[PDB]
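Student: Right, I'll just put the structure down here and ask away after.
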Amino acid sequence: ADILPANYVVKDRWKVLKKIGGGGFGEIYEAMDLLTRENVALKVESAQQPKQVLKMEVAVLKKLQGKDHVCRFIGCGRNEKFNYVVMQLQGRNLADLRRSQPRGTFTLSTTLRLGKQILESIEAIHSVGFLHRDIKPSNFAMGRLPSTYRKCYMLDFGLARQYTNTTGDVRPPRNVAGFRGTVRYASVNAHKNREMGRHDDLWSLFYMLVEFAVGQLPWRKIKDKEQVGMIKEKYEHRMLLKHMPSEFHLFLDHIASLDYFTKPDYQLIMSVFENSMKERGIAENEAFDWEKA
Ligand SMILES: *CCC(=O)Nc1ccccc1-c1cnc2[nH]ccc2c1
């Protein structure tokens with residue numbers, strides 16, 4: 001049930017090499033560019049598929065050309081079997097690198113640095129009027145190039161939603177909106193099936209880091225969406241920060257004090273990182289855990 005078989009050629013330029021991603025709403029593929037000879041990420045959506053998501057993916061991707069932490073947009077096109085998008089290919093994702101770590105934990109060096117780069121791409125997308133809503137390790141990756149290999153990127157805009165309007169006002173929230181994502185990094189907003197904000201992409205960020213440092217989350221074992229929520233709804237979030245820098249009592253207070261509407265203070269959270277980095281002699285020119293330096 002693969003949309004393209006190998007050695008298929010889209011638009012006489014992109015020879016499919018293998019599948020690399022699947023899911024409900026599309027398949028992803030490594031392709032050789034036959035024009036420019038580099039390889040590339042070709043994502044594809046069935047033409048008939050009900051939930052025409054890819055197109056909206058390609059709008060976010062296009063508004064974000066210019067920004068860092070975004071794959072270069074190569075091309076898109078549709079025909080009577082599948083719609084396609086072409087973009088730059090990236091390296092190991094964070095989930096996979098995190099598991100590679102002996103203890104399943106990054107140093108605080110690598111965590112705080114990742115922190116800074118993930119937060120930019122979040123602000124970035126907020127800036128062009130979209131929530132990611134599905135923020136997780138496996139949704140970020142590293143470059144594979146001299147020019148990018150120490151660069152962490154953002155993948156998927158599948159679950160993305162616009163929160164503004166044509167001008168720049170905040171769309172009104174739905175009275176309900178059913179969480180459609182990954183439980184482990186879901187806010188309590190999402191568990192309560194309330195319309196997600198920019199703060200909810202920042203809750204996700206918060207929990208991602210805690211797991212990169214500490215190496216686990218309280219609920220990591222559970223897969224019941226409802227349970228997890230009830231635990232997260234009852235848990236003391238300061239208990240996570242017991243082995244984490246004291247600058248993360250601010251990040252937590254800040255996001256616990258936001259709603260849908262209220263814009264987050266991105267600079268504040270960018271400091272919690274840069275301060276904690278400083279009170280620890282951590283430089284950006286430091287190696288990452290996976291590096292063999
Ligand atoms: C530059 C993009 C990259 O390396 N990864 C990628 C490439 C091509 C298509 C998709 C992705 C991607 C998109 N959405 C996703 N949702 C879950 C996982 C992914 C990966």
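Letters for chains follow the order of the structure tokens (A, B, ...), residue numbers begin at 1 for each chain, and ligand numbers begin at 1 in the order shown.
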Per residue of chain A within 7 Å of ligand 1, note the shortest atom pair and the distance in Å to one decimal, counting only C-alpha atoms and all ligand atoms, and order the rows by chain and increasing residue number, as a Markdown table.
Tutor:
| residue | atom | partner | partner_atom_place_in_ligand_line | distance |
| --- | --- | --- | --- | --- |
| A:21 | CA | ligand 1 | 20 (C) | 6.7 |
| A:28 | CA | ligand 1 | 9 (C) | 5.1 |
| A:29 | CA | ligand 1 | 8 (C) | 6.9 |
| A:41 | CA | ligand 1 | 8 (C) | 4.1 |
| A:42 | CA | ligand 1 | 8 (C) | 5.6 |
| A:43 | CA | ligand 1 | 9 (C) | 4.6 |
| A:71 | CA | ligand 1 | 1 (C) | 4.3 |
| A:87 | CA | ligand 1 | 1 (C) | 5.8 |
| A:88 | CA | ligand 1 | 1 (C) | 4.7 |
| A:89 | CA | ligand 1 | 4 (O) | 4.1 |
| A:90 | CA | ligand 1 | 4 (O) | 3.5 |
| A:91 | CA | ligand 1 | 4 (O) | 6.3 |
| A:138 | CA | ligand 1 | 18 (C) | 6.5 |
| A:139 | CA | ligand 1 | 18 (C) | 5.3 |
| A:141 | CA | ligand 1 | 4 (O) | 6.8 |
| A:155 | CA | ligand 1 | 12 (C) | 4.7 |
| A:156 | CA | ligand 1 | 14 (N) | 3.0 |
| A:157 | CA | ligand 1 | 14 (N) | 6.3 |
| A:158 | CA | ligand 1 | 14 (N) | 6.3 |
Student: Where does DSSP see strand (DSSP E) in range 65-240 of chain A, if you list the residues as a list in words?
Tutor: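 Filtering range 65-240 of chain A down to strand (DSSP E) leaves residues 73, 74, 75, 76, 77, 78, 79, 82, 83, 84, 85, 86, 87, 130, 131, 140, 141, 142, 152, 153, 154, 161 and 162 of chain A.
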Student: Write out, as a PDB file, in the first residue's frame, the residues just selected, with C-alpha atoms.
Tutor:
ATOM      1  CA  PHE A  73      11.443  24.520  -0.364  1.00  0.00           C
ATOM      2  CA  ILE A  74      12.333  22.856  -3.689  1.00  0.00           C
ATOM      3  CA  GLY A  75       9.007  22.272  -5.420  1.00  0.00           C
ATOM      4  CA  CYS A  76       5.404  21.092  -5.153  1.00  0.00           C
ATOM      5  CA  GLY A  77       2.909  19.649  -7.589  1.00  0.00           C
ATOM      6  CA  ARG A  78      -0.288  17.646  -7.928  1.00  0.00           C
ATOM      7  CA  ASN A  79      -1.510  14.991 -10.339  1.00  0.00           C
ATOM      8  CA  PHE A  82      -1.023  12.074  -5.470  1.00  0.00           C
ATOM      9  CA  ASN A  83      -0.017  15.612  -4.528  1.00  0.00           C
ATOM     10  CA  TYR A  84       3.677  16.070  -3.820  1.00  0.00           C
ATOM     11  CA  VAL A  85       6.059  18.475  -2.127  1.00  0.00           C
ATOM     12  CA  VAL A  86       9.826  18.523  -2.561  1.00  0.00           C
ATOM     13  CA  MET A  87      12.170  19.843   0.121  1.00  0.00           C
ATOM     14  CA  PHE A 130       0.524  29.163  12.859  1.00  0.00           C
ATOM     15  CA  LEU A 131       0.684  26.735  15.812  1.00  0.00           C
ATOM     16  CA  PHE A 140      13.147  17.768  14.920  1.00  0.00           C
ATOM     17  CA  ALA A 141      16.366  16.753  13.230  1.00  0.00           C
ATOM     18  CA  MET A 142      19.878  17.856  12.549  1.00  0.00           C
ATOM     19  CA  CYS A 152      18.440  21.548  14.421  1.00  0.00           C
ATOM     20  CA  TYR A 153      15.364  21.790  12.165  1.00  0.00           C
ATOM     21  CA  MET A 154      11.565  21.645  12.391  1.00  0.00           C
ATOM     22  CA  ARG A 161      -3.430  25.458  12.400  1.00  0.00           C
ATOM     23  CA  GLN A 162      -3.622  29.164  11.750  1.00  0.00           C
TER      24      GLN A 162
END
Student: Could you check which of A:18, A:98, A:13, A:126 is closest to residue 264 in chain A, using only C-alpha atoms?
Tutor: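 Looking only at the distances to residue 264 in chain A, the closest residue turns out to be A:126.
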Student: Within 10 Å of residue 279 in chain A, counting only C-alpha atoms, which residues qualify if same-chain residues fewer than 4 places away don't, as a PyMOL selection string?
Tutor: chain A and resi 245+274-275
Student: Could you tell me which of A:250, A:136, A:52, A:70 comes closest to residue 93 in chain A if we count only C-alpha atoms?
Tutor: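 Looking at the shortest contact to residue 93 in chain A, the residue is A:136.
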Student: So which one's closest to residue 248 in chain A, A:119, A:112, A:159, A:145? Using only C-alpha atoms, please.
Tutor: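 Among the listed residues, the smallest separation from residue 248 in chain A belongs to A:112.
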Student: Can you measure CA of residue 127 in chain A to CA of residue 164 in chain A for me? One decimal in Å is fine.
Tutor: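 Separation of CA of residue 127 in chain A and CA of residue 164 in chain A: 10.0 Å.
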Student: I need the residue nearest residue 207 in chain A from this list: A:81, A:237, A:150, A:192. Use only C-alpha atoms for the distance.
Tutor: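 Among the listed residues, the smallest separation from residue 207 in chain A belongs to A:237.
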Student: Check range 40-276 of chain A with DSSP on the backbone and list each residue it calls alpha helix (DSSP H), as an MDAnalysis selection string.
Tutor: chainID A and resid 54:63 94:100 108:127 188:191 198:214 225:234 248:255 266:276
